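Student: So here's target_18.cif, just mmCIF, N, CA and C atoms and all ligand atoms:
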```cif
data_start
loop_
_atom_site.label_atom_id
_atom_site.label_comp_id
_atom_site.auth_asym_id
_atom_site.auth_seq_id
_atom_site.Cartn_x
_atom_site.Cartn_y
_atom_site.Cartn_z
N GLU A 1 -8.76 -19.98 1.79
CA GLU A 1 -7.57 -19.37 1.22
C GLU A 1 -7.66 -17.85 1.27
N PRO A 2 -7.62 -17.27 2.48
CA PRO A 2 -7.63 -15.80 2.61
C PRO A 2 -6.33 -15.23 2.06
N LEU A 3 -6.43 -14.03 1.51
CA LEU A 3 -5.22 -13.39 1.01
C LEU A 3 -4.32 -12.97 2.17
N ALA A 4 -3.03 -13.13 1.98
CA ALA A 4 -2.03 -12.84 2.99
C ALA A 4 -1.18 -11.66 2.54
N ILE A 5 -0.85 -10.76 3.47
CA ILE A 5 0.01 -9.63 3.16
C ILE A 5 0.98 -9.40 4.31
N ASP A 6 2.23 -9.13 3.97
CA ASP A 6 3.32 -8.97 4.92
C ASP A 6 3.64 -7.48 4.94
N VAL A 7 3.49 -6.83 6.09
CA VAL A 7 3.66 -5.39 6.21
C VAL A 7 4.84 -5.10 7.13
N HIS A 8 5.73 -4.21 6.70
CA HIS A 8 6.78 -3.66 7.54
C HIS A 8 6.46 -2.19 7.77
N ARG A 9 6.62 -1.72 9.00
CA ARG A 9 6.34 -0.33 9.33
C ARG A 9 7.06 0.03 10.62
N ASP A 10 7.16 1.33 10.85
CA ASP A 10 7.75 1.87 12.07
C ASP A 10 6.83 1.70 13.28
N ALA A 11 7.45 1.61 14.47
CA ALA A 11 6.69 1.35 15.70
C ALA A 11 5.74 2.49 16.03
N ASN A 12 6.03 3.70 15.58
CA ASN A 12 5.24 4.86 15.92
C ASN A 12 4.40 5.35 14.72
N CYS A 13 4.02 4.46 13.81
CA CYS A 13 3.21 4.83 12.65
C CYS A 13 1.80 4.34 12.92
N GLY A 14 1.00 5.23 13.46
CA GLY A 14 -0.35 4.91 13.80
C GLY A 14 -1.28 4.81 12.61
N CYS A 15 -1.20 5.73 11.65
CA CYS A 15 -1.94 5.51 10.41
C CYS A 15 -1.66 4.13 9.85
N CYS A 16 -0.39 3.73 9.82
CA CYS A 16 -0.04 2.40 9.31
C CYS A 16 -0.78 1.29 10.06
N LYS A 17 -0.94 1.43 11.39
CA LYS A 17 -1.70 0.42 12.12
C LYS A 17 -3.17 0.45 11.74
N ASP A 18 -3.69 1.65 11.49
CA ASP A 18 -5.12 1.82 11.09
C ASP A 18 -5.36 1.08 9.77
N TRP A 19 -4.45 1.25 8.80
CA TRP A 19 -4.55 0.60 7.49
C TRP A 19 -4.57 -0.91 7.62
N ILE A 20 -3.71 -1.48 8.48
CA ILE A 20 -3.73 -2.91 8.72
C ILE A 20 -5.09 -3.34 9.24
N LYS A 21 -5.69 -2.51 10.11
CA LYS A 21 -6.99 -2.86 10.68
C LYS A 21 -8.10 -2.78 9.62
N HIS A 22 -8.00 -1.86 8.68
CA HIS A 22 -8.93 -1.85 7.55
C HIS A 22 -8.76 -3.12 6.68
N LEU A 23 -7.53 -3.59 6.47
CA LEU A 23 -7.34 -4.83 5.71
C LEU A 23 -7.94 -6.04 6.42
N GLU A 24 -7.66 -6.20 7.72
CA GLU A 24 -8.26 -7.31 8.46
C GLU A 24 -9.79 -7.24 8.41
N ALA A 25 -10.34 -6.02 8.50
CA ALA A 25 -11.78 -5.84 8.33
C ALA A 25 -12.26 -6.23 6.94
N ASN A 26 -11.38 -6.28 5.95
CA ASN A 26 -11.72 -6.77 4.62
C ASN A 26 -11.30 -8.22 4.41
N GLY A 27 -10.86 -8.93 5.47
CA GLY A 27 -10.57 -10.34 5.34
C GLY A 27 -9.13 -10.73 5.07
N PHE A 28 -8.21 -9.78 4.94
CA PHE A 28 -6.83 -10.15 4.72
C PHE A 28 -6.20 -10.73 5.98
N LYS A 29 -5.33 -11.71 5.79
CA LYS A 29 -4.48 -12.19 6.88
C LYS A 29 -3.22 -11.35 6.82
N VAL A 30 -2.99 -10.51 7.84
CA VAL A 30 -1.89 -9.56 7.83
C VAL A 30 -0.85 -10.01 8.84
N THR A 31 0.42 -10.07 8.42
CA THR A 31 1.54 -10.14 9.35
C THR A 31 2.19 -8.76 9.46
N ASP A 32 2.28 -8.28 10.69
CA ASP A 32 2.76 -6.94 11.06
C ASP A 32 4.20 -7.01 11.55
N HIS A 33 5.15 -6.53 10.76
CA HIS A 33 6.55 -6.44 11.16
C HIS A 33 6.84 -5.01 11.56
N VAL A 34 7.11 -4.77 12.84
CA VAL A 34 7.64 -3.47 13.23
C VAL A 34 9.12 -3.43 12.87
N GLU A 35 9.48 -2.47 12.01
CA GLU A 35 10.88 -2.32 11.53
C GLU A 35 11.23 -0.83 11.48
N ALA A 36 12.35 -0.45 12.10
CA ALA A 36 12.80 0.93 12.13
C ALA A 36 13.53 1.36 10.86
N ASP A 37 13.72 0.46 9.89
CA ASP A 37 14.61 0.70 8.75
C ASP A 37 13.84 0.50 7.44
N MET A 38 12.88 1.39 7.18
CA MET A 38 12.03 1.23 6.00
C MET A 38 12.77 1.51 4.70
N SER A 39 13.86 2.27 4.74
CA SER A 39 14.64 2.46 3.52
C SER A 39 15.20 1.14 3.02
N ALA A 40 15.63 0.27 3.94
CA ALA A 40 16.12 -1.04 3.51
C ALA A 40 15.01 -1.83 2.83
N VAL A 41 13.80 -1.80 3.40
CA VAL A 41 12.69 -2.57 2.85
C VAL A 41 12.34 -2.07 1.45
N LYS A 42 12.22 -0.76 1.28
CA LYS A 42 11.80 -0.19 0.01
C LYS A 42 12.86 -0.43 -1.06
N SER A 43 14.13 -0.32 -0.66
CA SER A 43 15.20 -0.56 -1.62
C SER A 43 15.27 -2.03 -2.01
N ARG A 44 15.00 -2.92 -1.06
CA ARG A 44 15.01 -4.34 -1.35
C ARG A 44 13.95 -4.71 -2.38
N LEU A 45 12.82 -4.00 -2.40
CA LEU A 45 11.74 -4.31 -3.32
C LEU A 45 11.73 -3.41 -4.53
N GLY A 46 12.72 -2.56 -4.68
CA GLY A 46 12.72 -1.69 -5.82
C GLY A 46 11.50 -0.79 -5.80
N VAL A 47 11.21 -0.15 -4.68
CA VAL A 47 10.19 0.89 -4.64
C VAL A 47 10.86 2.18 -5.07
N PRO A 48 10.43 2.81 -6.15
CA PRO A 48 11.09 4.05 -6.58
C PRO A 48 10.90 5.12 -5.52
N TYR A 49 11.98 5.84 -5.25
CA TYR A 49 11.96 6.89 -4.24
C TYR A 49 10.77 7.82 -4.44
N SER A 50 10.43 8.10 -5.70
CA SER A 50 9.36 9.05 -5.96
C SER A 50 7.99 8.52 -5.58
N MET A 51 7.87 7.25 -5.22
CA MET A 51 6.59 6.67 -4.85
C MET A 51 6.53 6.33 -3.37
N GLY A 52 7.49 6.81 -2.58
CA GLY A 52 7.59 6.35 -1.21
C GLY A 52 6.42 6.79 -0.36
N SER A 53 6.24 6.08 0.75
CA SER A 53 5.17 6.32 1.70
C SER A 53 5.59 5.82 3.08
N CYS A 54 4.62 5.76 3.99
CA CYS A 54 4.83 5.43 5.40
C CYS A 54 5.06 3.94 5.65
N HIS A 55 4.61 3.04 4.78
CA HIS A 55 4.75 1.62 5.09
C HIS A 55 4.91 0.89 3.77
N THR A 56 5.45 -0.33 3.83
CA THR A 56 5.67 -1.17 2.65
C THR A 56 5.18 -2.58 2.91
N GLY A 57 4.20 -3.01 2.12
CA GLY A 57 3.67 -4.36 2.13
C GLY A 57 4.06 -5.22 0.94
N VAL A 58 3.97 -6.53 1.12
CA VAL A 58 4.21 -7.51 0.06
C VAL A 58 3.07 -8.52 0.07
N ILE A 59 2.48 -8.75 -1.09
CA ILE A 59 1.47 -9.78 -1.31
C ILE A 59 1.78 -10.50 -2.63
N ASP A 60 1.82 -11.82 -2.60
CA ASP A 60 2.00 -12.62 -3.81
C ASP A 60 3.17 -12.09 -4.63
N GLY A 61 4.23 -11.68 -3.94
CA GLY A 61 5.44 -11.26 -4.63
C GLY A 61 5.51 -9.80 -5.03
N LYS A 62 4.40 -9.06 -4.99
CA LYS A 62 4.39 -7.68 -5.44
C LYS A 62 4.32 -6.75 -4.24
N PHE A 63 4.94 -5.57 -4.35
CA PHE A 63 4.93 -4.67 -3.19
C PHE A 63 3.68 -3.80 -3.19
N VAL A 64 3.30 -3.34 -1.99
CA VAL A 64 2.13 -2.47 -1.80
C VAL A 64 2.59 -1.27 -0.98
N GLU A 65 2.81 -0.14 -1.63
CA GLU A 65 3.41 1.02 -0.98
C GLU A 65 2.34 2.01 -0.56
N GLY A 66 2.20 2.22 0.75
CA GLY A 66 1.28 3.19 1.30
C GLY A 66 -0.15 2.68 1.41
N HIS A 67 -1.06 3.64 1.55
CA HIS A 67 -2.45 3.39 1.93
C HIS A 67 -3.28 3.03 0.70
N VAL A 68 -2.90 1.92 0.09
CA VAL A 68 -3.61 1.39 -1.08
C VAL A 68 -4.92 0.75 -0.62
N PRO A 69 -6.06 1.09 -1.24
CA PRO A 69 -7.32 0.43 -0.87
C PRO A 69 -7.28 -1.05 -1.22
N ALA A 70 -8.00 -1.84 -0.43
CA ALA A 70 -8.00 -3.29 -0.62
C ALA A 70 -8.49 -3.68 -2.01
N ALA A 71 -9.49 -2.96 -2.53
CA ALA A 71 -10.00 -3.26 -3.85
C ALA A 71 -8.92 -3.09 -4.89
N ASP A 72 -8.00 -2.16 -4.66
CA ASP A 72 -6.92 -1.99 -5.61
C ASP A 72 -5.80 -3.01 -5.43
N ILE A 73 -5.65 -3.57 -4.23
CA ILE A 73 -4.73 -4.69 -4.06
C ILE A 73 -5.21 -5.89 -4.86
N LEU A 74 -6.52 -6.12 -4.89
CA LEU A 74 -7.05 -7.21 -5.70
C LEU A 74 -6.75 -7.02 -7.18
N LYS A 75 -6.86 -5.79 -7.69
CA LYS A 75 -6.50 -5.57 -9.10
C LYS A 75 -5.02 -5.81 -9.32
N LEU A 76 -4.18 -5.37 -8.37
CA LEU A 76 -2.74 -5.59 -8.46
C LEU A 76 -2.42 -7.08 -8.57
N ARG A 77 -3.14 -7.93 -7.83
CA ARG A 77 -2.86 -9.36 -7.86
C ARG A 77 -3.07 -9.91 -9.26
N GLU A 78 -4.10 -9.42 -9.97
CA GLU A 78 -4.54 -9.91 -11.27
C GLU A 78 -3.62 -9.47 -12.41
N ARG A 79 -2.71 -8.52 -12.19
CA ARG A 79 -1.97 -7.87 -13.28
C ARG A 79 -0.55 -8.40 -13.36
N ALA A 80 -0.29 -9.27 -14.33
CA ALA A 80 1.03 -9.89 -14.44
C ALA A 80 2.12 -8.90 -14.85
N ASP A 81 1.77 -7.75 -15.44
CA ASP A 81 2.75 -6.76 -15.86
C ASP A 81 3.23 -5.84 -14.73
N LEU A 82 2.61 -5.90 -13.55
CA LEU A 82 2.90 -4.97 -12.45
C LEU A 82 3.68 -5.67 -11.36
N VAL A 83 4.69 -4.98 -10.85
CA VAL A 83 5.49 -5.50 -9.75
C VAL A 83 5.12 -4.85 -8.43
N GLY A 84 4.21 -3.88 -8.46
CA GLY A 84 3.82 -3.18 -7.25
C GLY A 84 2.79 -2.12 -7.57
N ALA A 85 2.19 -1.60 -6.50
CA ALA A 85 1.30 -0.45 -6.58
C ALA A 85 1.61 0.42 -5.37
N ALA A 86 1.49 1.73 -5.57
CA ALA A 86 1.84 2.72 -4.56
C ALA A 86 0.76 3.80 -4.44
N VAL A 87 0.48 4.22 -3.21
CA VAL A 87 -0.13 5.53 -3.00
C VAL A 87 0.97 6.37 -2.35
N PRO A 88 1.69 7.20 -3.11
CA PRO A 88 2.81 7.95 -2.52
C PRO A 88 2.32 8.92 -1.46
N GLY A 89 3.20 9.22 -0.49
CA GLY A 89 2.86 10.18 0.56
C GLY A 89 1.77 9.64 1.48
N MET A 90 0.94 10.55 2.02
CA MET A 90 -0.11 10.19 2.97
C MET A 90 -1.36 11.04 2.75
N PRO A 91 -2.08 10.80 1.65
CA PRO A 91 -3.28 11.61 1.37
C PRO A 91 -4.38 11.38 2.40
N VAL A 92 -4.95 12.47 2.92
CA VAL A 92 -6.05 12.34 3.88
C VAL A 92 -7.27 11.73 3.19
N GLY A 93 -7.92 10.81 3.88
CA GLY A 93 -9.06 10.13 3.31
C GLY A 93 -8.75 8.78 2.72
N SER A 94 -7.47 8.48 2.47
CA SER A 94 -7.16 7.13 2.05
C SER A 94 -7.34 6.24 3.27
N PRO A 95 -7.53 4.94 3.07
CA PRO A 95 -7.85 4.06 4.21
C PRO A 95 -6.72 4.02 5.23
N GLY A 96 -7.06 4.23 6.50
CA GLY A 96 -6.08 4.37 7.55
C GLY A 96 -5.55 5.77 7.74
N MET A 97 -5.90 6.69 6.84
CA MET A 97 -5.54 8.10 6.94
C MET A 97 -6.79 8.98 7.02
N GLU A 98 -7.93 8.41 7.38
CA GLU A 98 -9.19 9.12 7.32
C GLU A 98 -9.31 10.11 8.48
N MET A 99 -9.66 11.35 8.17
CA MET A 99 -9.66 12.39 9.19
C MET A 99 -10.86 13.30 9.00
N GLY A 100 -12.01 12.69 8.85
CA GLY A 100 -13.22 13.46 8.70
C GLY A 100 -13.85 13.27 7.35
N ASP A 101 -14.65 14.23 6.94
CA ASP A 101 -15.37 14.06 5.70
C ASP A 101 -14.56 14.53 4.49
N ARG A 102 -13.61 15.44 4.68
CA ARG A 102 -12.79 15.90 3.57
C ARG A 102 -11.75 14.85 3.17
N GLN A 103 -11.45 14.79 1.87
CA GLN A 103 -10.50 13.83 1.34
C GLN A 103 -9.60 14.46 0.29
N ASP A 104 -8.28 14.24 0.42
CA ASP A 104 -7.36 14.49 -0.68
C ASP A 104 -7.59 13.53 -1.85
N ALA A 105 -7.52 14.07 -3.06
CA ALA A 105 -7.49 13.24 -4.25
C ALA A 105 -6.17 12.49 -4.30
N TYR A 106 -6.22 11.25 -4.78
CA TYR A 106 -4.99 10.47 -4.92
C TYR A 106 -5.21 9.37 -5.94
N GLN A 107 -4.11 8.82 -6.43
CA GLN A 107 -4.15 7.70 -7.36
C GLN A 107 -3.35 6.53 -6.82
N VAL A 108 -3.79 5.34 -7.20
CA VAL A 108 -2.98 4.14 -7.05
C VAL A 108 -2.17 3.92 -8.32
N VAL A 109 -0.86 3.96 -8.18
CA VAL A 109 0.06 3.95 -9.30
C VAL A 109 0.77 2.61 -9.28
N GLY A 110 0.51 1.80 -10.31
CA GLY A 110 1.23 0.56 -10.47
C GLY A 110 2.57 0.82 -11.14
N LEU A 111 3.54 -0.03 -10.84
CA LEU A 111 4.84 0.01 -11.49
C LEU A 111 5.04 -1.24 -12.34
N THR A 112 5.50 -1.06 -13.57
CA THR A 112 5.69 -2.20 -14.45
C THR A 112 7.05 -2.83 -14.21
N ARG A 113 7.23 -4.04 -14.78
CA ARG A 113 8.50 -4.75 -14.70
C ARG A 113 9.67 -3.83 -15.04
N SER A 114 9.54 -3.07 -16.12
CA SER A 114 10.63 -2.25 -16.65
C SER A 114 10.67 -0.86 -16.05
N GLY A 115 9.81 -0.56 -15.08
CA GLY A 115 9.86 0.70 -14.37
C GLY A 115 8.94 1.82 -14.78
N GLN A 116 7.85 1.54 -15.47
CA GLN A 116 6.96 2.60 -15.90
C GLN A 116 5.76 2.72 -14.96
N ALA A 117 5.28 3.95 -14.80
CA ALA A 117 4.08 4.15 -14.00
C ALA A 117 2.86 3.77 -14.83
N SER A 118 1.83 3.28 -14.15
CA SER A 118 0.58 2.88 -14.78
C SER A 118 -0.54 3.11 -13.77
N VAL A 119 -1.48 3.98 -14.09
CA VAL A 119 -2.52 4.34 -13.12
C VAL A 119 -3.52 3.20 -12.99
N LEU A 120 -3.62 2.64 -11.77
CA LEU A 120 -4.56 1.56 -11.43
C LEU A 120 -5.93 2.03 -11.03
N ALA A 121 -6.02 3.20 -10.41
CA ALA A 121 -7.24 3.74 -9.83
C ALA A 121 -7.02 5.21 -9.54
N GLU A 122 -8.07 5.99 -9.67
CA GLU A 122 -8.02 7.41 -9.34
C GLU A 122 -9.13 7.71 -8.33
N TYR A 123 -8.82 8.48 -7.31
CA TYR A 123 -9.82 8.76 -6.28
C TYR A 123 -10.06 10.25 -6.20
N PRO A 124 -11.24 10.71 -6.57
CA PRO A 124 -11.54 12.15 -6.54
C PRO A 124 -11.59 12.69 -5.12
N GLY A 125 -11.09 13.91 -4.96
CA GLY A 125 -11.16 14.55 -3.66
C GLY A 125 -12.57 15.01 -3.33
N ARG A 126 -12.90 14.93 -2.05
CA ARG A 126 -14.15 15.50 -1.56
C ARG A 126 -13.80 16.83 -0.89
CU CU B 201 -0.26 8.99 7.86
CU CU B 202 0.37 5.95 6.89
CU CU B 203 1.85 3.64 6.43
ZN ZN B 204 7.46 -11.11 6.63
ZN ZN B 205 10.57 -10.41 6.02
ZN ZN B 206 11.08 4.85 14.60
ZN ZN B 207 14.87 -2.66 10.37
ZN ZN B 208 -12.07 -9.75 -11.00
ZN ZN B 209 -9.49 3.94 10.11
ZN ZN B 210 -19.04 13.94 9.01
#
```
The structure given in the file should be rewritten as structure tokens.
Tutor:
Amino acid sequence: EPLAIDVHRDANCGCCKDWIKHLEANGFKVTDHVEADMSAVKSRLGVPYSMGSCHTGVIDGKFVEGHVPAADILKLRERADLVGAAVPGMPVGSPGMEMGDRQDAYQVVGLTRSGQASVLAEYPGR
């Protein structure tokens, strides 16, 4: 029973492809949907504009916005109060966005049923 995740992304989003490859390297079964219309996907899942990123995934009913680490997807699965988790933007050093030894600090921000932010994980910058 490997975990399954459905990813929609643009055809020319190479970081997005890198992130999928990090998930498969962690054992996820990934379905890759190339879609030119990510605004439709994010709006369909109620991804708040302020949390947007390069790609939008769905696992077990909850959305996964941006370069969320796999360990944080596992925490997202366990949390009945959260409808999604996001890494907004494209911080360098997040999985699939790695560009050397330096890393932007970033957080994984869960969203609650009623729309509140909730910090799932914090990643210190190097
Ligand atoms: Cu990127
Ligand atoms: Cu990306
Ligand atoms: Cu992406
Ligand atoms: Zn699908
Ligand atoms: Zn679909
Ligand atoms: Zn395009
Ligand atoms: Zn489309
Ligand atoms: Zn556990
Ligand atoms: Zn990589
Ligand atoms: Zn180095």
Student: Using only N, CA and C atoms, pick whichever of A:5, A:46, A:10, A:72 has the shortest atom-to-atom distance to residue 121 (chain A).
Tutor: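 The shortest atom-to-atom distance to residue 121 (chain A) comes from A:72.
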Student: Give the residue list for ligand ZN 206 (chain B) at 8 Å, counting all atoms listed in the file, as a VMD selection string, sorted by chain and then by residue number.
Tutor: chain A and resid 9 to 13 35 to 37
Student: Rank A:29, A:95, A:73, A:116 by their smallest atom-to-atom distance to residue 1 (chain A), using only N, CA and C atoms, and report the top residue only.
Tutor: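 Under the stated criterion, the closest residue is A:29.
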Student: Could you jot down the CA of residue 41 (chain A) to atom N of residue 114 (chain A) separation for me, Å, one decimal place?
Tutor: 19.2 Å
Student: Can you pull out every residue with an atom within 6.5 Å of ligand CU 201 (chain B)? Use all atoms listed in the file and format it as a PyMOL selection string.
Tutor: chain A and resi 14-16+90+96-97
